[PDB]
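Below: the structure, in structure tokens.
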Amino acid sequence: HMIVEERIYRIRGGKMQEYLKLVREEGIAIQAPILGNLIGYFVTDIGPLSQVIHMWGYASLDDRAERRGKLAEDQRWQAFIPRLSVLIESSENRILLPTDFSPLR
Amino acid sequence: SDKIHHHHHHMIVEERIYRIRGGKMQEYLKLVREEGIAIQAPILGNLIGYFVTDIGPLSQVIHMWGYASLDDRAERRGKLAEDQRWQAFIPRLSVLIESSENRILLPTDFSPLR
Amino acid sequence: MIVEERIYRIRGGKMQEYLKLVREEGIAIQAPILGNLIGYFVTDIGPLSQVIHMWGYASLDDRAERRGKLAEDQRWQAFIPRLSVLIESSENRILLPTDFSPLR
Amino acid sequence: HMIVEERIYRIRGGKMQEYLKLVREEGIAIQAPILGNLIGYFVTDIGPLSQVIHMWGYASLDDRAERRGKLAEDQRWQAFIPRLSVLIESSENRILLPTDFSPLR
Amino acid sequence: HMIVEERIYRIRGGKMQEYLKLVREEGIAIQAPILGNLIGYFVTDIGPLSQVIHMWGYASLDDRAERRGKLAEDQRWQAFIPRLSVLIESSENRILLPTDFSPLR
Amino acid sequence: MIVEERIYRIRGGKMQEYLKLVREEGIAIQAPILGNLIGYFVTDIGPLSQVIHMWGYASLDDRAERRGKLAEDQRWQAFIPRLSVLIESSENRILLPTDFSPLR
Amino acid sequence: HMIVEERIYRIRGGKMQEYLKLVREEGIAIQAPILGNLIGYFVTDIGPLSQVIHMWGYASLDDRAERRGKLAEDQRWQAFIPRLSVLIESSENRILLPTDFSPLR
Amino acid sequence: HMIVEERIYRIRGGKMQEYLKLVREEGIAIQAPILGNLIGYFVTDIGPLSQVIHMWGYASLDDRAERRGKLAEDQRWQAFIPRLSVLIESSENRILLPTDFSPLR
């Protein structure tokens with residue numbers, strides 16, 4: 001019943017530490033409460049490089065939309081997200097459905 | 001829900017991403033459900049998640065594995081290759097896989113899973 | 001309203017076969033259940049042996065519910081394996097119409 | 001019969017709302033009458049992100065060429081398009097032929 | 001002004017010589033008179049491998065559609081193409097517009 | 001004979017500037033030294049903001065020598081930085097015409 | 001002087017061991033003498049999977065052309081290659097030029 | 001056995017010679033001792049272009065992780081790497097396992 005969103009960003013060359021600092025020090029404190037279930041947050045060591053992956057869990061897809069909606073209109077997030085966006089070269093996401101044998105489910 | 005940490009333990013995460021052959025998803029899943037994960041998990045030691053993509057690249061499976069180091073990973077993946085039940089199991093699974101790739105992810109110090 | 005874009009690559013030589021299956025059996029089953037087929041296309045210039053189809057929904061919940069109904073439908077279950085063997089690759093995405101999209 | 005051109009653009013990080021404002025307030029009023037049959041204009045929510053997709057109907061490809069050539073010589077479009085273009089990281093297109101069971105046909 | 005179609009096929013591993021034989025001995029003799037203007041036909045030696053590229057000249061895209069439609073209706077092509085298509089793992093095309101300094105224009 | 005296909009993606013908005021540079025300055029330096037320009041194209045349908053140019057050579061050692069001469073040419077060293085800044089990505093490949101290829 | 005060719009293959013799922021068995025026991029004894037300078041032969045453990053990479057050293061690309069010609073025309077190679085090819089899903093290559101600070105050069 | 005890492009970078013258009021100057025004159029002297037086993041360093045001439053490839057041999061992935069840790073911490077490297085990184089458009093790595101019949105193994 002739970003769904004997982006995987007977000008995958010390609011960060012501009014040289015800007016990774018900048019990106020992590022903003023999220024570590026400001027972004028995540030705003031975003032996590034609202035979205036509700038940060039599962040994990042990663043920087044790739046082997047594979048595609050200058051890559052961050054974050055996973056978020058949700059009770060449903062319309063719970064997701066409601067939460068993501070609340071985030072988009074949060075004033076602090078509105079101030080924050082333009083500063084992060086300028087460091088992102090490309091992004092994509094996908095909806096993952098856990099199997100009945102997934103520990104995250 | 002929330003996680004709570006008091007001391008660091010070093011951990012890496014492997015993401016494996018397979019494109020399954022059209023028409024084979026339920027067969028792939030059934031093999032893993034009924035046989036493979038019961039062999040695989042105890043040996044590799046820390047399964048994190050196992051997913052089928054609903055929006056994105058389709059006929060796609062994604063699974064995550066926690067390890068202490070990359071040598072620990074190598075040690076455990078070598079035990080798995082060496083396991084007799086696995087040797088009989090993996091050829092039946094591998095034939096259903098069109099493509100595969102993996103990568104090593106390092107959790108940030110603010111990752112709940114870490 | 002949201003639009004799901006599904007994009008399939010079909011096995012070389014099997015395009016007419018795929019379309020025949022959909023035309024004569026699949027779309028009759030699929031369309032009433034899913035509700036709102038927007039378009040169904042074969043690529044002529046671009047990635048080739050490519051089929052693209054678009055479906056409208058009220059929400060992602062609504063989509064999930066309808067597609068679950070489709071997965072549970074006996075005719076679909078008998079049909080989809082014949083179609084799946086012709087699909088070499090597939091992907092999809094969710095599109096939000098802008099406020100100036102004539103389709104919105 | 002009718003053909004559909006699908007145009008898929010990757011917009012620079014943080015510039016999506018800027019891009020939309022230009023199209024909403026200027027571009028589309030110029031472009032649409034000349035090109036003739038705007039079918040749809042979308043932003044991707046799940047999949048490749050910071051992506052816009054727009055579809056244009058034409059009676060034939062020679063007619064597409066005539067109309068896109070007209071657009072390119074229009075003096076308002078010339079003044080407009082460079083302001084849009086600096087926000088586009090990547091672009092591509094394709095020619096879709098509707099099936100006899102496509103509602104859009 | 002002329003247009004050029006570049007068609008790009010990836011051939012199944014081990015099937016190249018078989019693919020080339022079919023085209024050399026059966027296909028191209030049917031195909032070229034009907035499409036009208038075969039420019040070049042190539043096998044990649046360095047790059048994506050087991051790849052053939054072939055380039056076709058047309059006066060216009062409507063002419064292309066008219067000629068490609070005739071090819072599709074031709075009895076000999078219809079008995080032929082299924083044997084070639086089974087060898088094609090993947091395909092794509094694009095329409096190239098020569099520049100005013102292009103030797104081919 | 002060998003054909004090299006070079007395929008460039010041009011930064012958004014910079015196409016006309018790329019073509020102007022090559023038209024008025026670049027190709028007059030380049031073609032004589034490289035020796036056999038086959039074609040030069042802009043993609044209208046497919047990957048966009050895309051330039052494709054084809055070059056004929058007697059062999060790959062000849063190519064290496066000729067592209068070597070080009071990179072040492074004073075005029076070309078004065079030109080190429082202005083062109084190069086406009087190219088967002090690039091790739092090339094070597095194509096061997098078949099025995100039934102008109103261009104051979 | 002010396003050029004490097006990097007060949008990168010994707011092997012059909014489940015066929016890796018069979019592919020290496022063929023190359024180890026029959027292929028490489030034919031191939032390597034004729035091509036002259038096998039630098040290295042690898043299987044990918046992290047990255048794109050079910051992937052082999054082999055690097056060949058050549059004095060020049062004309063010498064490569066001549067030698068690859070000889071290989072293609074070799075009777076032993078001709079008996080061997082079809083059996084390997086059936087296991088190859090896709091392939092690609094590129095020419096690498098060592099820098100003046102490359103130990104391999 | 002020994003493991004090989006292949007690092008593959010796409011360099012910004014027009015910045016290649018600037019990239020090589022930095023590595024040739026400063027970077028490689030810092031980096032090669034600390035990592036210990038530079039196999040090769042290449043620029044692609046035919047294939048994906050504006051592409052740099054380098055290879056590093058290691059005894060183990062842990063030993064790799066230790067040496068990359070030392071490399072990261074090195075103060076001369078911290079001053080160098082931001083200057084190189086600004087020229088890199090994208091990067092990726094993979095771990096290769098030499099076959100038992102690879103000369104490099």
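Every chain in the structure tokens takes a letter, A first, then B, and so on in the order presented; its residues are numbered from 1, and the ligands are numbered from 1 following the presented order.
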
Residue 73 (chain B) surroundings by only C-alpha atoms, 10 Å radius, close-in-sequence under 6 positions cut, as a PyMOL selection string:
(chain B and resi 12-14+44-45+65-67+79) or (chain H and resi 61)

Could the residues in this selection be saved with N, CA and C atoms as a PDB file, in the first residue's frame?
```pdb
ATOM      1  N   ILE B  12      27.573   1.423   3.286  1.00  0.00           N
ATOM      2  CA  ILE B  12      27.349   1.778   1.902  1.00  0.00           C
ATOM      3  C   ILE B  12      26.113   1.053   1.432  1.00  0.00           C
ATOM      4  N   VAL B  13      25.501   1.578   0.378  1.00  0.00           N
ATOM      5  CA  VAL B  13      24.280   1.024  -0.190  1.00  0.00           C
ATOM      6  C   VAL B  13      24.482   0.718  -1.686  1.00  0.00           C
ATOM      7  N   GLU B  14      24.181  -0.508  -2.096  1.00  0.00           N
ATOM      8  CA  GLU B  14      24.215  -0.852  -3.502  1.00  0.00           C
ATOM      9  C   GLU B  14      22.812  -0.840  -4.090  1.00  0.00           C
ATOM     10  N   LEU B  44      23.848 -12.028   1.915  1.00  0.00           N
ATOM     11  CA  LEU B  44      24.241 -10.640   1.675  1.00  0.00           C
ATOM     12  C   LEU B  44      23.974  -9.769   2.922  1.00  0.00           C
ATOM     13  N   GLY B  45      22.969 -10.138   3.707  1.00  0.00           N
ATOM     14  CA  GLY B  45      22.888  -9.699   5.098  1.00  0.00           C
ATOM     15  C   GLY B  45      22.080  -8.458   5.448  1.00  0.00           C
ATOM     16  N   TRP B  65      20.766  -2.875  -1.223  1.00  0.00           N
ATOM     17  CA  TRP B  65      21.482  -3.739  -0.285  1.00  0.00           C
ATOM     18  C   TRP B  65      22.464  -2.937   0.529  1.00  0.00           C
ATOM     19  N   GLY B  66      22.418  -3.117   1.860  1.00  0.00           N
ATOM     20  CA  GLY B  66      23.300  -2.435   2.786  1.00  0.00           C
ATOM     21  C   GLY B  66      24.529  -3.281   3.044  1.00  0.00           C
ATOM     22  N   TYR B  67      25.706  -2.644   3.033  1.00  0.00           N
ATOM     23  CA  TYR B  67      26.963  -3.302   3.387  1.00  0.00           C
ATOM     24  C   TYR B  67      27.836  -2.401   4.256  1.00  0.00           C
ATOM     25  N   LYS B  79      30.432 -15.414  -1.464  1.00  0.00           N
ATOM     26  CA  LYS B  79      29.756 -16.520  -0.762  1.00  0.00           C
ATOM     27  C   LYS B  79      28.470 -16.876  -1.480  1.00  0.00           C
TER      28      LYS B  79
ATOM     29  N   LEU H  61      38.878  -2.715  -3.045  1.00  0.00           N
ATOM     30  CA  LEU H  61      37.974  -1.550  -3.079  1.00  0.00           C
ATOM     31  C   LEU H  61      38.123  -0.728  -1.818  1.00  0.00           C
TER      32      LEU H  61
END
```

Find the residues of chain D in contact range of chain C, meaning any atom within 6 Å when counting only C-alpha atoms, and list them as a list in words.
residues 40, 41, 42, 43, 44, 45, 46, 47, 94, 95, 96, 97, 98, 99, 102, 103 and 104 of chain D

Let's have chain G fitted on chain D; use all the C-alpha atoms paired in order for the least-squares step and return it as a PDB file with C-alpha atoms, in the first residue's frame.
```
ATOM      1  CA  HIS G   1      -4.533  12.483 -42.953  1.00  0.00           C
ATOM      2  CA  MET G   2      -3.540  14.632 -39.935  1.00  0.00           C
ATOM      3  CA  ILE G   3      -0.068  14.256 -38.446  1.00  0.00           C
ATOM      4  CA  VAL G   4       1.048  15.087 -34.920  1.00  0.00           C
ATOM      5  CA  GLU G   5       4.315  16.713 -33.962  1.00  0.00           C
ATOM      6  CA  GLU G   6       5.569  16.095 -30.428  1.00  0.00           C
ATOM      7  CA  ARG G   7       8.188  18.608 -29.248  1.00  0.00           C
ATOM      8  CA  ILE G   8      10.004  17.764 -26.004  1.00  0.00           C
ATOM      9  CA  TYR G   9      12.273  20.336 -24.306  1.00  0.00           C
ATOM     10  CA  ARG G  10      14.487  20.255 -21.233  1.00  0.00           C
ATOM     11  CA  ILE G  11      14.502  23.591 -19.433  1.00  0.00           C
ATOM     12  CA  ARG G  12      17.538  24.853 -17.542  1.00  0.00           C
ATOM     13  CA  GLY G  13      17.182  24.218 -13.769  1.00  0.00           C
ATOM     14  CA  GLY G  14      15.173  26.892 -11.975  1.00  0.00           C
ATOM     15  CA  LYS G  15      13.860  28.501 -15.176  1.00  0.00           C
ATOM     16  CA  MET G  16      10.561  26.611 -15.659  1.00  0.00           C
ATOM     17  CA  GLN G  17       8.316  29.364 -14.260  1.00  0.00           C
ATOM     18  CA  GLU G  18      10.100  32.007 -16.281  1.00  0.00           C
ATOM     19  CA  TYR G  19       9.740  29.844 -19.433  1.00  0.00           C
ATOM     20  CA  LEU G  20       5.975  29.471 -18.936  1.00  0.00           C
ATOM     21  CA  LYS G  21       5.506  33.128 -18.086  1.00  0.00           C
ATOM     22  CA  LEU G  22       7.141  34.033 -21.441  1.00  0.00           C
ATOM     23  CA  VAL G  23       5.054  31.511 -23.418  1.00  0.00           C
ATOM     24  CA  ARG G  24       1.772  32.249 -21.585  1.00  0.00           C
ATOM     25  CA  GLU G  25       2.003  36.011 -21.932  1.00  0.00           C
ATOM     26  CA  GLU G  26       3.757  36.567 -25.294  1.00  0.00           C
ATOM     27  CA  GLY G  27       4.890  33.426 -27.145  1.00  0.00           C
ATOM     28  CA  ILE G  28       1.760  31.329 -27.566  1.00  0.00           C
ATOM     29  CA  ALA G  29      -0.287  34.261 -28.986  1.00  0.00           C
ATOM     30  CA  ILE G  30       2.279  34.576 -31.776  1.00  0.00           C
ATOM     31  CA  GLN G  31       3.028  30.876 -32.217  1.00  0.00           C
ATOM     32  CA  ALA G  32      -0.421  29.226 -32.091  1.00  0.00           C
ATOM     33  CA  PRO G  33      -2.218  31.244 -34.784  1.00  0.00           C
ATOM     34  CA  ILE G  34       0.638  30.685 -37.255  1.00  0.00           C
ATOM     35  CA  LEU G  35       1.040  26.952 -36.583  1.00  0.00           C
ATOM     36  CA  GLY G  36      -2.738  26.487 -36.448  1.00  0.00           C
ATOM     37  CA  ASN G  37      -3.403  23.490 -34.191  1.00  0.00           C
ATOM     38  CA  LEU G  38      -1.903  23.370 -30.701  1.00  0.00           C
ATOM     39  CA  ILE G  39      -3.137  20.053 -29.306  1.00  0.00           C
ATOM     40  CA  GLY G  40      -1.588  20.416 -25.873  1.00  0.00           C
ATOM     41  CA  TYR G  41       1.102  21.950 -23.717  1.00  0.00           C
ATOM     42  CA  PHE G  42       2.353  20.056 -20.662  1.00  0.00           C
ATOM     43  CA  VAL G  43       4.895  20.131 -17.852  1.00  0.00           C
ATOM     44  CA  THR G  44       6.221  16.773 -16.593  1.00  0.00           C
ATOM     45  CA  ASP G  45       5.450  16.023 -12.925  1.00  0.00           C
ATOM     46  CA  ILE G  46       6.715  12.424 -12.824  1.00  0.00           C
ATOM     47  CA  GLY G  47       9.311  11.170 -15.344  1.00  0.00           C
ATOM     48  CA  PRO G  48      12.102  13.277 -16.783  1.00  0.00           C
ATOM     49  CA  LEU G  49      11.786  16.556 -14.870  1.00  0.00           C
ATOM     50  CA  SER G  50      12.138  20.179 -15.903  1.00  0.00           C
ATOM     51  CA  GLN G  51      10.554  18.993 -19.157  1.00  0.00           C
ATOM     52  CA  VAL G  52       7.906  20.621 -21.372  1.00  0.00           C
ATOM     53  CA  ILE G  53       5.973  18.836 -24.075  1.00  0.00           C
ATOM     54  CA  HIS G  54       3.910  20.497 -26.786  1.00  0.00           C
ATOM     55  CA  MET G  55       1.927  18.847 -29.560  1.00  0.00           C
ATOM     56  CA  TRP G  56       1.010  20.421 -32.844  1.00  0.00           C
ATOM     57  CA  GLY G  57      -1.473  19.127 -35.371  1.00  0.00           C
ATOM     58  CA  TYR G  58      -0.818  19.478 -39.081  1.00  0.00           C
ATOM     59  CA  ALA G  59      -2.670  18.417 -42.224  1.00  0.00           C
ATOM     60  CA  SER G  60       0.643  17.298 -43.763  1.00  0.00           C
ATOM     61  CA  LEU G  61       4.391  17.768 -43.331  1.00  0.00           C
ATOM     62  CA  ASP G  62       4.594  20.206 -46.267  1.00  0.00           C
ATOM     63  CA  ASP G  63       1.992  22.383 -44.562  1.00  0.00           C
ATOM     64  CA  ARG G  64       4.141  22.129 -41.402  1.00  0.00           C
ATOM     65  CA  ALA G  65       7.223  23.172 -43.365  1.00  0.00           C
ATOM     66  CA  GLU G  66       5.415  26.205 -44.822  1.00  0.00           C
ATOM     67  CA  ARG G  67       3.950  27.260 -41.453  1.00  0.00           C
ATOM     68  CA  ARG G  68       7.162  26.794 -39.458  1.00  0.00           C
ATOM     69  CA  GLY G  69       8.829  28.860 -42.152  1.00  0.00           C
ATOM     70  CA  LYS G  70       6.299  31.627 -41.620  1.00  0.00           C
ATOM     71  CA  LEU G  71       6.910  31.486 -37.841  1.00  0.00           C
ATOM     72  CA  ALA G  72      10.702  31.694 -38.183  1.00  0.00           C
ATOM     73  CA  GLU G  73      10.248  34.680 -40.538  1.00  0.00           C
ATOM     74  CA  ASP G  74       7.688  36.464 -38.283  1.00  0.00           C
ATOM     75  CA  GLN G  75       9.057  39.708 -36.763  1.00  0.00           C
ATOM     76  CA  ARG G  76       7.261  39.210 -33.464  1.00  0.00           C
ATOM     77  CA  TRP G  77       8.546  35.642 -33.185  1.00  0.00           C
ATOM     78  CA  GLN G  78      12.117  36.811 -33.947  1.00  0.00           C
ATOM     79  CA  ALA G  79      11.976  39.326 -31.049  1.00  0.00           C
ATOM     80  CA  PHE G  80      10.557  36.663 -28.703  1.00  0.00           C
ATOM     81  CA  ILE G  81      12.414  33.432 -29.399  1.00  0.00           C
ATOM     82  CA  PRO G  82      15.941  34.528 -28.318  1.00  0.00           C
ATOM     83  CA  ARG G  83      14.601  35.210 -24.820  1.00  0.00           C
ATOM     84  CA  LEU G  84      12.971  31.798 -24.595  1.00  0.00           C
ATOM     85  CA  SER G  85      15.940  29.952 -26.175  1.00  0.00           C
ATOM     86  CA  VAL G  86      18.385  31.022 -23.484  1.00  0.00           C
ATOM     87  CA  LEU G  87      16.203  28.957 -21.058  1.00  0.00           C
ATOM     88  CA  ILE G  88      16.254  25.745 -23.150  1.00  0.00           C
ATOM     89  CA  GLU G  89      18.897  23.180 -22.260  1.00  0.00           C
ATOM     90  CA  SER G  90      17.972  20.680 -24.989  1.00  0.00           C
ATOM     91  CA  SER G  91      15.143  19.861 -27.387  1.00  0.00           C
ATOM     92  CA  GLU G  92      13.877  17.091 -29.636  1.00  0.00           C
ATOM     93  CA  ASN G  93      10.902  16.216 -31.795  1.00  0.00           C
ATOM     94  CA  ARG G  94       9.130  13.460 -33.648  1.00  0.00           C
ATOM     95  CA  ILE G  95       6.240  12.907 -36.001  1.00  0.00           C
ATOM     96  CA  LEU G  96       3.404  10.745 -34.715  1.00  0.00           C
ATOM     97  CA  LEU G  97       0.770   9.125 -36.892  1.00  0.00           C
ATOM     98  CA  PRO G  98      -2.544   8.525 -35.150  1.00  0.00           C
ATOM     99  CA  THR G  99      -3.939   5.038 -35.465  1.00  0.00           C
ATOM    100  CA  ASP G 100      -7.441   4.465 -36.860  1.00  0.00           C
ATOM    101  CA  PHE G 101      -8.674   3.857 -33.273  1.00  0.00           C
ATOM    102  CA  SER G 102      -7.154   7.088 -31.878  1.00  0.00           C
ATOM    103  CA  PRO G 103      -9.939   9.481 -30.877  1.00  0.00           C
ATOM    104  CA  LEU G 104      -7.468  12.221 -31.907  1.00  0.00           C
ATOM    105  CA  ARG G 105      -6.981  11.540 -35.579  1.00  0.00           C
TER     106      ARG G 105
END
```

Have a look at CA of residue 20 (chain C) and CA of residue 87 (chain C) and let me know their distance in Å, one decimal.
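If I compute the distance from CA of residue 20 (chain C) to CA of residue 87 (chain C), I get 14.0 Å.
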
Could you go through region 47-93 of chain D and tell me which residues DSSP, when run on the backbone, assigns to alpha helix (DSSP H), listing them as a list in words?
residues 61, 62, 63, 64, 65, 66, 67, 68, 69, 70, 71, 72, 73, 75, 76, 77, 78, 79, 80, 81, 82, 83, 84 and 85 of chain D

Taking only C-alpha atoms into account, what are the residues of chain B at most 9 Å from chain H, put as a VMD selection string?
chain B and resid 69 to 71 74 103

Identify all residues of region 2-103 of chain A in strand (DSSP E or B) (DSSP on the backbone) and supply them as a ChimeraX atom specification.
/A:3-11,38-46,48,51-58,88-98
